[PDB]
Structures are given as C-alpha cells and as structure tokens.
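To start, the structure itself, in structure tokens.
The first chain written gets the first letter, and so on, giving A, B, C, D, E, F, G, H, I and J; residue counts start at 1 in each chain.
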Amino acid sequence: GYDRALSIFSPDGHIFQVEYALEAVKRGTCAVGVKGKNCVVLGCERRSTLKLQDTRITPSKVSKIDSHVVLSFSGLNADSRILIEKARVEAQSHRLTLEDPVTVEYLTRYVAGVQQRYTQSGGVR
Amino acid sequence: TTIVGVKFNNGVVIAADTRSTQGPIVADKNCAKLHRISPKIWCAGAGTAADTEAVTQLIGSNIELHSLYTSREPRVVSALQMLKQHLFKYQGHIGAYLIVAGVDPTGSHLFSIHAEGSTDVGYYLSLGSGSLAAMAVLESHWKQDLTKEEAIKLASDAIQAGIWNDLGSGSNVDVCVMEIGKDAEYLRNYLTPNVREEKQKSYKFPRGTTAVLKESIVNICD
Amino acid sequence: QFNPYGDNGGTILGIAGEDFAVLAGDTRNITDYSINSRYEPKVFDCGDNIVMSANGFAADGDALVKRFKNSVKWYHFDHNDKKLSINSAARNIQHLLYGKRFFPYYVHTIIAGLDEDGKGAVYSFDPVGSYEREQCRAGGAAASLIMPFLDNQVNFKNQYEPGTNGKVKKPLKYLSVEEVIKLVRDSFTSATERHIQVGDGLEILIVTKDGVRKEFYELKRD
Amino acid sequence: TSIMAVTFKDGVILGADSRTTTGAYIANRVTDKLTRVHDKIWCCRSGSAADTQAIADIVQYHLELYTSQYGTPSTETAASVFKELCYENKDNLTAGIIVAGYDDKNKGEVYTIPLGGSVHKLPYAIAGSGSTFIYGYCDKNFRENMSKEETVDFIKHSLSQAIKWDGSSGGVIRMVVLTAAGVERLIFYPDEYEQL
Amino acid sequence: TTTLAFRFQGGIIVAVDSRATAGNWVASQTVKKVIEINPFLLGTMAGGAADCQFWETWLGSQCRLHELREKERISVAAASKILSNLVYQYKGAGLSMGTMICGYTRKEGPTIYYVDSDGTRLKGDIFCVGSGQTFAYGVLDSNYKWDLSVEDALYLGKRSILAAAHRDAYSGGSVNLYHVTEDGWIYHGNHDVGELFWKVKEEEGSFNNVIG
Amino acid sequence: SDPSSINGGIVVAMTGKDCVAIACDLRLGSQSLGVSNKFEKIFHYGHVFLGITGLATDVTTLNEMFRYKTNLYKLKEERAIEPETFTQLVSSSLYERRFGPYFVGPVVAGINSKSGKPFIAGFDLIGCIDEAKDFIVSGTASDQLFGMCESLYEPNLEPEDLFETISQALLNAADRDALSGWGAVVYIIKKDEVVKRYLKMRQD
Amino acid sequence: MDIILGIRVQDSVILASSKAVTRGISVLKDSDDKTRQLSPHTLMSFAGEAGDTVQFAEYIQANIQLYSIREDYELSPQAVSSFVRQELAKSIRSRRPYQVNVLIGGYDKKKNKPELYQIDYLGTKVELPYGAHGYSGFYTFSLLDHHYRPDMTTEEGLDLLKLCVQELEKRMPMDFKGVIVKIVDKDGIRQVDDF
Amino acid sequence: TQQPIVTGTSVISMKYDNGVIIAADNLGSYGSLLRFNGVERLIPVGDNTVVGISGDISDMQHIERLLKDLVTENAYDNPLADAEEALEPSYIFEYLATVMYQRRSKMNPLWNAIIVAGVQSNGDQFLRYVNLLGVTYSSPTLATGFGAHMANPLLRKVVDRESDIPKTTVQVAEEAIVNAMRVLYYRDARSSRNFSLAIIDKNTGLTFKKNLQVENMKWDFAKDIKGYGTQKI
Amino acid sequence: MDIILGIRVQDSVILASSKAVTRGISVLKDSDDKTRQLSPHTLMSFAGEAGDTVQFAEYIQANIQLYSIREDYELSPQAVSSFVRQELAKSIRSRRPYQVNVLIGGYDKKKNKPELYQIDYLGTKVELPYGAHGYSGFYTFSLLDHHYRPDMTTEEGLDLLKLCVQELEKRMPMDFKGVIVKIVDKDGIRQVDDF
Amino acid sequence: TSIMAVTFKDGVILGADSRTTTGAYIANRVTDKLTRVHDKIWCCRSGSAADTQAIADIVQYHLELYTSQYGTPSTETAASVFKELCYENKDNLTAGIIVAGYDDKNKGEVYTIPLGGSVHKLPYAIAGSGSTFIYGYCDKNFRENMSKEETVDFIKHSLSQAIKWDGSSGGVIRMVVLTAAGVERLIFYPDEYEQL
C-alpha cells in the first residue's frame, strides 16, 4: 500500500498540504450561511463562464445529508462527494443504532473528524 | 472395593475393605463384604452391592438345602458351579464379582468368579477397583508354603494397599480364616486404621433453636 | 475423540472475619480412582494480600492462577506500584475467565483478602466469570457437603433465639480466627469421611493486615 | 489367547499360553486353557472365558451322559456337540475352540471350531489372537507323523513366537499329550521359551 | 430466576429475586440481579449469570462513553439497542440472557425494553423474565391497574416475586425492589423470603396451600 | 427425565440415647413447579417407621405395599414386625424388581421392642441394605444431608437434643436444594412414646 | 386436550376444562367436554395423549358404575381416587402406558365435604385446595396462592376461576377456546352454561 | 484431535535421600502387537535430568527433538552453559508443561504422559508429572499408566510422605523400582521384560543403566493349577 | 412472529400482521408492529426467527432510506423488492443465514398501480394479488381464491381481510392477538386503528 | 500389502507383492510398490496408494533438490523427510512406509515409518496387512550379515507366506537389490514361490 506521509510539519510549524488545501477552498465558488430566528438559509454562487449548462441534472451545490440537515461547500467538487457520501451513510447508521436522527453538531463533528484523519494518514492528501 | 483371597498351609484366608460408594460419595463407611454361604464356605464380593448380597444369599440358601438333602457338608466347587451358572445365565447384568473360598471334605479351596460367569483358580487372588493395588502387594510378597499368620498378614496388607491407594476402597479390613479341621473364624473389623479424629467443636444446639409450628402425639398402639 | 478436560477433584473453602480472611483447600490431587499426589497445594499467595484458588481441572486452575499472578505484576508496572485491591482483583479475574467464555476454564475460583476498609473479604466465581462477594463459600468436589454447614454455622441460617417462638433470629456476628479455623477443620474432616476425592491433608492460608500465614493439618489418607 | 493342537505319530498334543485379560490388565497369568471334556478328549479355549467355560461344562456333561449309555464317544462326536452349541448360539457367543482327542482306531484327531460354529478337521490347528503371528511359521515347520519330542518342540517354538508378539498372550506354555500310553501334562516357563 | 418490571402512573417498578442455581444445586441466595447503570438506568439479569453480569456492566461502560462523547445521558432505546446489537453479533454462539433495560429520560419518559440473547428487542409496559416468569405474571396481571399508588405498586412487584419464589424451585432468596421516577431510581430494600413469606401470609391471609 | 429427581424430597434418620429420630420435607413438585406442600414421606407400620424418597408414585405404591405385607405378617405371626425384620422385607421386595426397579430411597427407623435397641437402615433403589450406628440420609439433597450429619452429629444425644440436631441437619440441607423443602416433619421416637413436630422453614 | 383446572371451596369442587381439540394446524372442535361422571357425586376431568384420554376416562367410568350396581352404593371420592391412582401406577410399567393426567372432584356425602385430587399419568396422587395439569399450573397456582381462601362460596370460587381463565387467555400461546365449568356439591354435578 | 498409534507403557519413579530414580521398559506397542523392542523411553537432558515418556512414540520422538534443540539453544551466547546457566530440571519441566497445555488448548495434543526426574543446582530432588491435558503434579513417587495403579502402591510403602525421603537409600529405592518393574511385567499386557533405569544423584551424578531384565520371577506354582474349578487332571 | 398477510386491490395494497410476540409458554407482547416503512410508498412486513426479523427489516430500511437521500428519489416497489430478494439470496449461503420471510406492499407512482411481492428467506420472489407466509397461507389462499376480485375497492379489500382473520381465529392453534392493518396507496401509508 | 526390507553383508534388499485392492476386487495385480526416491535410496509402500505415491513424489523432489545443493543424501536424511511428512500430516494420511538405502560409509540401512510417523531404524522391517502372518517366521529365520542369495531366499519365503494367508496380498514378488555394485531388479512369479 502507498504509505508516504504527504501532510507533514515544516520548520515554522505549518502543515503545507493542509494550508494548500485551504487555497483550493479559496478558489471555489462562494457559499454563505445565515441563520434567522426560526430558519437557516444557505446561499451559493454559481460561476457564469459556463453557458449551455443543464441545471436539471448538474449536481446541486447544497446537498441533503438527511431530511433535516443540509451541507454546502467551497472547493474541489469531486472531493465534496466523498464527504457527502460518508456523511449520508453515518446519518443512516446513527438512526439505526441510536433510534434518533443526528444532531447538526454530531453530523458536523463526524465530517470534521473525517477531514482531520486525512491530515495525518499516510498515502492521502 | 478391594477384596483378596490367600491360601496357606492348612486352609485359606479371605479379606476385604469396608467402603461402599455411590459415585464419589461414601454411602457406607463400615459395610460387610464378607459373606457366609455355608459355615465353612465364605465369599468376598465386589461389584453391585445388592447383587453380591442377593446372589450370595440365594446360592447360600440352595447350598443349605443341598447339604440337608445329601447329609453332607457342602463343597466349595458346588457353590462355585451354582454361582457361575447363575451369573452366566444373566450375561453379566448381575454385577457380582466374587472370591469364593472355604474348606470341605475334599480340602481347602480358593476361586474367583467374574460377573459374566468365568471362574479361575489360584493360591492368591484379588478383585474390585483396588485389585491392582492389592495384586501388586500379592505379587511382591506371596510365596509357596505360607503359614496361617503369614497369610493373614499378606491378605490384610493387600487390602491396606487398596484402602490407601484406591479411592473406591477405604475404612477397615475384614478377615475370615478357614482352616481345615477347625471352625471358620470371621474377624469383623480385624484392622481399623481409619478412626475419625476428635472434632474441634460440639455442635449441640441450645434447646429452642429450631422454630416449630405444630406438635402432636403419634399413636403407635392398636 | 480427544477430551480436553479432566477432573482433579479436591475441595476448597473461604471464610471472612472482621479483620481477617481464610482460604483453605485439601492437598489431594486425583484422576478417576487414583491419587496423583497427597500434597499438591492449590491455594496460592498472589501478592498484595490476595490468596487465590481455582479448583476443578488443575491444568486450567494452574493456568488461571499463573495468569492472575502475572496480572498483579503488570498492574504494578503500569500503575506506579499501586496495591491491587480485592474488589479490583475480582473484576480482573472476571475478564480472565469470560475471555474464554466459549472454551471455559473448568474451575470454581475463590479469592480471599481484605477490602479497602480493612475488613475480611471473600469473592467466588463460576467457571465463566460470574462473581459475588460473600462471607462464606465452599468450592469443588465436596462444596455440596460443606456449604450447607457453613450457612448454618457462619451465617446462623435456620437458627432462632430460644423461647422466642421462632420469631427472633439468632443475630449475625463476626467469628474469631480461632472459631473460623475450628469450622474449617471440621468441614474438611466431615467432607473427607463422605467424599472419596477429599483427604490426605489440609492447607489453610490466613490473611490479616500483617500478611499471609499458613497452617497445615493431616487428613485421612484412604 | 494363543492356542494350538497338533496330531503326530503316537496321537495328539494340545498347547496354550496362560494369560487372561481385561483390556491390558492381566487378570490371570497362570490360566489353564486346556480343558478335559473326556478322559482322552480335550479342548483349547479362546475368546470369552465365561462362554468357553460354560460351553466346555455343557459338553463334558453331554459326553458323560453319552458314555453312560453308549460307551466312549469319538473325537468327531465331541466336536459335533461343541459345534451344535457354538452354531445354534452364534449370536450370543464369543468362543474359538479347538477340539483334540485320541482314539485307538482313529489315533490323533484335531477339529477347529471358529466363531460362526463351522467345523474343520485338520492335521493341526492354531487359534486365538496370537495365532495370526505364527501362520507363516507353523505352515513352514509342520510335518505329518512327527515324534513326541519333535511335536513338543514345534508347539513350544510356535507358542513362544505367538507369545512374543501378541500382548494378549503370555505366562507359561501348558501342553497336554494324548496317546495310548495315557495323559501327560507339560509346563514350560518363560526363562526356557523366551530365549528360543 | 424471576425478574419483573412494569410501568404505571407513578413511574416504573423493578423487582427481582436473588437465587443462583447449578442444576438442582442452590449456588447462591444473595445474587444481585439488578445492575445500576447510571442514576436513571437499570438493567435486570436472567439466564446465564456470567453472560448477564459481564455484558450488562460492559453496557454501563458504553453508556458512560456516550455521555462523555455526546454531553447527554443515553436514551433507554439507544442503551437497550447497544445490548441487543451486541448479543445479535453472538447469535448462535450460545449466550443465554433475558434482560430488561429500565429507565427515565426527558424525551422518552419512563421506558422499559426487553432484550434477550436471540436478539429480540421489545418496548412494553409489563414484562416478566426467567424460569419463574409465569408465576409472576399470574399475580401481576391479575392485580395490575395503571392507577396503582407508588405504595401499592411497590407491594405488587414485591408480592409477584414472592409468588414465583414460592412456586418456582429455581427462584428464591430475597426480593430486591426498585422504583424509577423522573428524578431517577430509588432502592426499596432487600427482603428475605424467609421472613417475607410468613409476614405476607399472616397479614394478607393468602398462601392457604401452606401448613400455617 | 431422571425418575429419582422429578418430584424431589428428602429423608434423614438419626440414633440417640435410647431413642431414634426420622425426618422428611413436605415438597412434591414436577421438576420446577411446586405442586404440593403437604406430601409426607414418612409412614409407620406398628412401631416401625419407614421414610421413602424418590419418584412419588413409587413412594405411595411402596407404602401401600408394605402396609399390605405387614398387615398379613401381623395376622399370621400374631405380633408386630420388628425393624430388623422389616428391613429384610424391604430389601427382598426391592430386589424382586431388580431389572425394573422402584425409583426410591427408603429409610427404616425404629426401636426393637424386645431388646430396646435403636435401629436405623437405608437402601438403594434395588435393595442393598445400608446399616448405620449414627445416621442414614436419602433424597435429592443427600450430599447436603451427608455434610450436615457428618459434622453436626454426636453419639448418645438426648431426645430433646437429638431433635435439634436432626432438624438443623434437614433444614439447612433442604435450603441448598431446589427440589427439597416447602415444610418439614420430624419424628422423635422413644420406647413407648412418639412425638411428631412440624418445622417452620423458608417456603421458597 | 391441554387445560384442566380444579378449585375446592367451602361446599363444592369446581372443575374447568378447555373446549378445544387441536390436531396439527387445525382446531377440529371448540365444544369438547373433557370430563366424565364416574358417580352421582364424583366427576373426573382429563388431559393428555390423543385417544388415551377418553379411553382411560370411560374405562374408569365403567368400573365405578359396575361397582355402584354391584354394591348398591357410591364409593367415596377418596376411594375412587385411590382406584384411579392404582390403575395409572400399573399402567406406567406396561408395554404401552396411558399418557393421561386427571383431576377428580367429588363431594363426600358421609363427611359432607368437597374433595379435589390431582393425579398424573405416573400415578402421583395429591389432595389439593386447587389443582392444575400441564402448563396451566405455571400461571394459576401463583394466582390462586394469592386470591384463594378456604371458606369461599361457590360464587366466589367461580369468580376466582374467571380470574384464572382470563390470565390464561392473556399469556398462554394457544387458543384453547374457553372452558366448560362444572360444579360438584351435595346435590351432585351440574354444568354452568354461560362462562 | 488424535489417536495414539505406536505407544509406550508405564514410566515409574521415586525420590530417595540424595536424588531420584526413574525407569521405563523398552517396548513400542502397536495396539496389541508388541512391535518394537529397542525403544528407549528415558531421555537424559544434560547430566542432571532424565525425562521419561509414555504414550504416543511419534510424539515422544518429537519431544526428544525439542529437548535436543533446547540444549543447543541454551548453549548459544552462554559462557556458563556447563556451569551456573546449565539447564535445570525445573526449566526443562516448565517448558514441556507449557507446550503440553498449549497443545491441548489448540485441540491437538501430544498424546503423552511425562515424568521429569532430576536434581537441582542446590541439591534438591526434582520429580514432577505432566500429561496430554497439561495436568501437572508432584509427589515422592510418580508413575504413569498401569504404574500409577500398581507401582505407586508399592513405592509408597517405602516413601509414604516427605519425611520418609531422608530415611531412604539408593539401594532401597532401586530395589523397590526394580521390584515394581517385575510386577508390571506380570500384570501389564503391554509391558516387556527389558527396561532402562536411571539414577540422578546429587553426589555421584547421572547413572544410566540400559538392557536391564526382569528376573527372580515366580512361575513354579503354575504347574499345580489345573482347570478353572472342578477339573482334577 | 407468525401471521403476515397481503392483499392487492384496484388502488391499494393492504398488509395485515399479527400482534403477538410469544416466547416459550408466555405471550410477552400483544401490540407488536411487524412492519417497517422502507419509503413513503413502500411498506415491508416480516416474520421468522427471533432477532433476525427486526435486524433484517431495519437493515433494509436503512439502505432504502440511504438511497432516497443520495438520489433525492423514491425507488419503485419492483426495484426495492429486487434489492431485498438479492440480499436474502446472498444470505442463504452465508455462514448464518437470515431466517426471515417478508411481504412488500408498494404503490408505484410512475405506473399508478399497487404492487405486492412475496419473498421467503431463500430469496424466492413472486408478485401476487394476495400473499401469505407460514401456515396462514394454508387457510387464506383458498379463501381468497374464492372471494377475491381484481377490481375491489380498499373497503372491499378490508372486508375480504376480515374474512381471513376470522378464519384464522377459528382454525389456527395459537392465539396471535389480532392484527395491525396498514394500507399503501397513492397518498402513502396509513394505519387502520380499529380492526 | 505385504512389504519388507532386509539388510545384509553387501547392502540391503527391498521386497513387495504386487496387489492393489479396492475391497475384495484386485484393481492392479502387477503393482510396483518398490519406489525410487534416489539412485540408491528406495522405499516400500503400504496403506493408501494415493497417499504413499504423493509422499514418495514429494520426498523424491526434496532429495533431488538436496542433491543439487549438498550432494548425495544419507538414508537417515531420506527417512527424516518421509517422517516429517507422515508425522505432521498424521490426521490426513494412511501410509506405512519402509525406507531402505545404501551408503558406502554406512552400508545397508532400513528405517520403518508406521501410521503415527515415528521412525525406527532396524536390521530388517516388515509392514503391510500381510506382515502380521510372518512376524513369527521372520524373527525365527533372520540372521545378520547374510549373503545376497540367502537374503533373497529369506524375503522370497517370507513374502510367499504373507501372500498365502493375506487376501490383500498376491501377484508377483518384486525385489530391489541395493549394493555398491548398483541396483538390481528381481521378479518372482506364482509358479515358483507358491510351491515353496
């Protein structure tokens, strides 16, 4: 198996691969979340250098993780699918064992844990 | 059980331990494994306890009637024949393993019978679960031309081997000496090398300790 | 077919006082109707004022004691030489036993010592790790003979105050070490009389705040 | 058991070891497996001790009652009585018996009766668990019309080998000589036969 | 064993006997068959002593880990399902358990779950588990109303175990009572059958089959 | 389906100074289910007492059988049967069913009216007599009874003391057996008076 | 077969017996009377092996009726129960034993007392204030241990019996199609039609 | 799960004042066939230990190789291999005992009963038993198979408890062992006349005796025994 | 477990499932719901080995719900039934197979048709107008062969179902404590509370 | 099978019958049970045909690879490889093998390996179902340091008897002579050996 430690510390104490991953996020289309008194609204930018798009079938920017929680993102689109899939699976697994849907904090904590794991595992970026 | 039989100068001696078991439990600490078939023919019995007693009593009964019928003292070979044919008939289901010995007009005799009806002859024999401990002693110390007191010593030593080394055997040594020209002498508890030590405490209860619900006089008269 | 288990007989007994605890066991080791050893100890000092016995199949018994002794050693290594309390030992032994739930250690386990308040403690385990603290427990071949006697003489079961109409129970009180050893000795001599796998010798390990002391007494060898 | 019977010039000799067994424990090391059913008709017993004793006892009774009415029975007759018992009770018996007797008309005769209760008249017969190991030896060494001393040596050497290999066999080698002269009992101890 | 737990107006009553047996040998008369998982959760034990003891104390550790990770006490539903999913993994291996997970939470209220070693998991108001379950049911069903007082409910639970302890040879020793409220569980004592039977017989007038 | 442990029950007998005691529990069950708490296992024929443990139908049958046989004995002999003689009758009767036995553990107790000697005896299901100076035990808690008796017993106890010893032997043995208990009866037997006492014991 | 119960009160014996006859996956009948009148003041209920039950019941019935005609007299409930026990005690060592469990409820006219006897197929007889055969006992005994009093009326006994049937109808796996209830007292045997 | 094929019978042993004696016959049985007669079942380890083995011979030969390898492995990087760090009897036993119990726990046992006899470095007698089940025990006398039933009772008459050991000489001990071997030849149907005997003494060391024979046997009385009851000739 | 029935009519699928949970000689519960909603218009009832049933049902439920969230779409009843069949067909050759029999009642919104699938533990799938698992079929199939018509209303289907439950309550040996009835149609899944 | 190997003055000779059996049907009457695992190391095979062939093939492979690296293997080494296979796979094998070879240092050597996988070095060895019948004969007739002609006669007479009594044995008597001179194959037909 490919083992290389790709995320490592530099002399100044930075993990450049993590910091460069943030640059990919900075390149991604803008996403905004605002919560009201009785709601949360997720807004997303879609770049207009792409005309002739089919918006019926093109992957939407906001994804349902369960019927009560949603996830939007900024950065690499392909990467986000892997996080969304894992989140959706954990959502169903939580309902199965706890007999209660995930809290938004728990679902977030899981997704963040996955992301962290990819910062100190060998062979992954 | 451990049981033995040993021939000597002018007769034969048999001996046995006195333990009775039900699985790992000692049911009887001083049971009698030496059986009188006739005044001068005695049996040592291992195996199923009720079987050895019943088959010994039945043949003993028939031997008495035979003795009365023939106006003769019973012979060991008659008891041997009657026991073996009875046991053979029952194909081993009557679990009696017997050492048959005694004196009669023909001389002194020592035999053993197996539950399925086989018999054998010897100067020294042992049966039961402790027979290997006993036979080890017999094979070590037996000789031709034993005296009465030497044979008793050898027999009881062979039983002791079983008492100490076989978990099936324990407690006391019973002996019966059958000498030609003399009365058979049954030596009940000839050795008692397993006396219980003094208990540390008396467990006598204060009177009134046991809670009682009812009392009544029982009528045993007519 | 190969049978991985055997039965090495013997019996063990644990009683707890106010500031002490005893763990006794006979020294006889058997297979079937043979004696392997008249003196093979199966009660052990495991360190930290914990005595332990695992009675039944000796190979499993020795393996368990060996593993627990080793567990005490590593508890010190991993937790700054901290003393392993009797309650923590009990819980640890449960995991040792239950770890082989589907291929069990064929033993009745008893440990004795002092709890964290200095009071006498006895813990007993089934073969797969179910445990319970008690004042009193007999284990092994003759457990069924000894335990009811202990209920009566240690916990005063079925004993009422005389003249109270079976309304006031005999009050519970701690026994002195002299009284406890009397009961142990009487328990084992009684067991020796009626159980074939129990005898030869009795070794008692007594546990106080001062350490572990031993006492040995002869038992009947038949 | 290792047992055998061998015919020769002057009659027939029977031979046997003295070991009786229960599993690997020797219940009797001085057993007598050579048994009289008539003055000069004897048998070698193998299989169950109880079965062979019970059969031999019944046969001896039958031949005693035969003799009382019709005089001395033939060896063939004795074998037929053994057969009748072994054949009709085949389901309940474990008995391998060799019958051997001396007539003055017929001289020495040997009949072997295996488990099923069949009868086989032979010049010599071997039987018992130990016999398996001496089929080769006995076939190679047996001759008809041997002398008494030759036949004794043949049986002694044969049973010696059977005893050597068969754990179920051992003790002393007993022999019974059946001739016109009478009945002779021979015994041979380990110290002699083991070093043959 | 005999164990029960029932729901009513004033919460949950949980009652158990204290006998352990090995065949016909009475091994113990003082076994603790209720395990206190947390101040709001109880577990009852029936079947294999080690199986129940080992895995229910293990369950307690899992419940503690939940409240450390989630900063909130575990639900009775989720606690019972940890145990049922565990034993389902061992299904066929030979575990022997009849358990009841009883407790109160805000979202659920008083709740009882039956969990056994072949993987059955059931929510319910009344259950009796063990070799004496039928004897306990007989008394409990024929006296149960939802509107029982805390005092009456405690007695009925105690009386139902006594009924089974008396009739079932493999039940006995003593009765351990528990009451579960919105504020948690409350222990209501160990009651030896030795004294409790005669006290109930005299005061209640029942047990006329027995020589007085 | 072990005939001797379907119904449950125990019997114990002891000798004292010029007296004998015989005691039994009251339980009759069907495996786990307790059915009756009035099932006495001790019977008497004249002054000879017989206790019987084991399969309850055989307990009943044998009582009826020995009542039958002792009644005919008395009519022909013109005297009450003695314990030693009755012991022999029990042994004969049981061995008669050698290969189809009654599944019982009988115990004889009584005082020989001629000699004044206390006598106790025990039997296996097929008739083997087990005579004892001290005590005989029987039933599903026989191991327990052996342990209780072997420790508690001392020779030459007075009737009132012997009562305490035999009662404590039975009670504590019964409480370690699932199939025994549910009440108890003790018989104290002197040369010409017999006292029967019911014991208070735990009912689980 | 399956459920047979019995309760002895102050002045009567009440027998309740299930009405179902099930074979395989079919309830063949829901009005079966699992009882026989042995004499005017003696009733026997029965449960067990198919065929065996009725065959044994009617055999006993014939014998008691024969006795009644011969002596112009009614056997006591105790006497009848002892006869029945002995027949079963014989049976258990036969080539093919009767696999039948019975309850005998009778009113002894000489004693003016109700009597209830429980006898299993082995020939195990006990006199009881209340009795049951089979799995029924596992629910009813504990229930009756609690609610039964020795001085109850026939009406109180019937209510006590309703409590047993209700419990069995709640917790028993099988549908036993209710019970036929019969009362045995000084005036003989009568059937309660509305239960 | 196994079944033993070629087997060795009893191994007998006892302690005396200065050391231990151990013996075993030279037979390799194949069921009832007494197949092999030159089989050595006592195996010395160093000059202070003898391991006596009964049961399956293929497994015995495996154990031989293990002990042989243990000697080799102990000598590695060990300047005191023939002095303070030589193999003790107690080390050899614990190793075998570990193996025996591990093999039974994997349901594939070495089908043997083993007695390890030797003298420790401090002069103490060592004698301990281990078998296919991993069961271990120690006693003044130890024996396997038929030896347990017939030899032990005889050897226990000489040394019945610990205090009897100082009172027992090597002459008395060997005499008892040699007698026990004779008794086994009378009574065990899978015994041979030829046997080996080893003495491990704290003063004279290891004495290994090969090609011993059972002698001074009583057979003469056999001539007087006829029939099985009533037969006279 | 034990009784699960299904009837497909003109516009709906009706599932009836017994309420009893029996272990040994005790009915532990009389209100058990032996069903899971897999999707808004798909319901699965189940019967079989204890533990296995609910474990399998909830496992399937999780998977279909996962699919629904991933694709923002509801699988057709046919698609769901095929997924379930394959899971059981895998299971039957596993070390320990799921011993669970299921009925799947669904309303296909694309076809505007009710659909009923019967699948046993082996993975034997059939589409049926009416279905049953276990011994229930031995009574209901012949009954439905006679009274069923393909154009019946939901109300007619419920009456037809009452006829089945009545027959089972008359001839079945065990007390299954009635049924919970659920209807699957164009508007989804709803429970009939008074049956 | 009846098989044997016998050491003598000039080396060692192996012998075997030629009968392969499936019940009482003779599947092969001309079998070759004497198998080469090396130039002058051979074996006699008894037990399962499949097992003994598979073992012999593996051993021959091992010794070929041994020879490539370390030169000619000793007969002891060959026996050890056989043992290793037979011992470690005892649960799944029915193979009774006699190993026989000629060194110039060690001359003739015979090792027998029974069912369990134990090794036994002997002057001569017999094995197979037919061996039972010639234990007596072979023990009585074997001498050490026999000549080639004497050893051939000893094996011929021995296997003749084994064949005569054992139904599982028969056909021809094959022999393989291992000496310094080389390897010689001998065959003896029924018409010769039956009338010995």
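In this section, contacts are C-beta pairs under 8 Å (C-beta built on N, C-alpha and C of every residue); 3 or more make two chains touch, one makes a residue touch a chain.
J.: Under the document's definition of touching, what chains do subunit C and subunit J have as common neighbours?
T.: H
J.: Starting at subunit C, how many touching-chain steps does it take at least to reach subunit D?
T.: Minimum step count, subunit C to subunit D: 2.
J.: Check D-H against A-E and say which one is joined by more contacting C-beta pairs.
T.: Between A-E and D-H, contacts are more numerous in D-H.
J.: Grab the C-alpha centre of each chain and report whichever is closest to the global C-alpha centre.
T.: That would be C.
J.: Just curious, how far off is subunit I from subunit A if you go by their C-alpha centres, in Å?
T.: Distance between chain centres: 39 Å.
J.: How many Å are there between the centre of subunit C and the centre of subunit H, using C-alpha atoms for each centre?
T.: The computed centroid separation for subunit C versus subunit H comes out at 34 Å.
J.: With chain centres taken as the means of their Cα atoms, state the distance from subunit E to subunit J in Å.
T.: Subunit E and subunit J have C-alpha centres separated by 73 Å.
J.: Among all residues of subunit D, which ones touch two or more of the remaining chains?
T.: Residues 25, 30-32, 49, 53, 133, 164-165 of subunit D touch two or more partner chains.
J.: At which residue positions does subunit I touch at least two other chains?
T.: Residues 25-26 of subunit I touch two or more partner chains.
J.: Which positions in subunit H touch two or more other chains at once?
T.: Counting only residues that touch two or more other chains, subunit H contributes 1-2, 33, 35, 146, 149, 152, 186-187, 220-221, 225-228.
J.: Can you list the subunit I residues touching subunit A in their complex?
T.: 58-59, 62-63, 65-66, 69-70, 72
J.: In the complex formed with subunit E, which residues of subunit C make contact?
T.: 94, 97-98, 101-102, 126, 128-132, 134, 144
J.: Could you pull out which subunit E residues touch subunit C in their complex?
T.: 20, 22, 25, 27-28, 30-32, 48-54, 93-94
J.: Given the complex with subunit G, which residues does subunit E contribute to the contact?
T.: Going through subunit E, the ones touching subunit G are 134-139, 141-143, 159, 163-164, 166-167, 204-209.
J.: Provide the residue numbers of subunit G that touch subunit I in the complex, in ascending order.
T.: Spelled out, the residues of subunit G in touch with subunit I are 22, 25-27, 30, 135, 138, 169-175.
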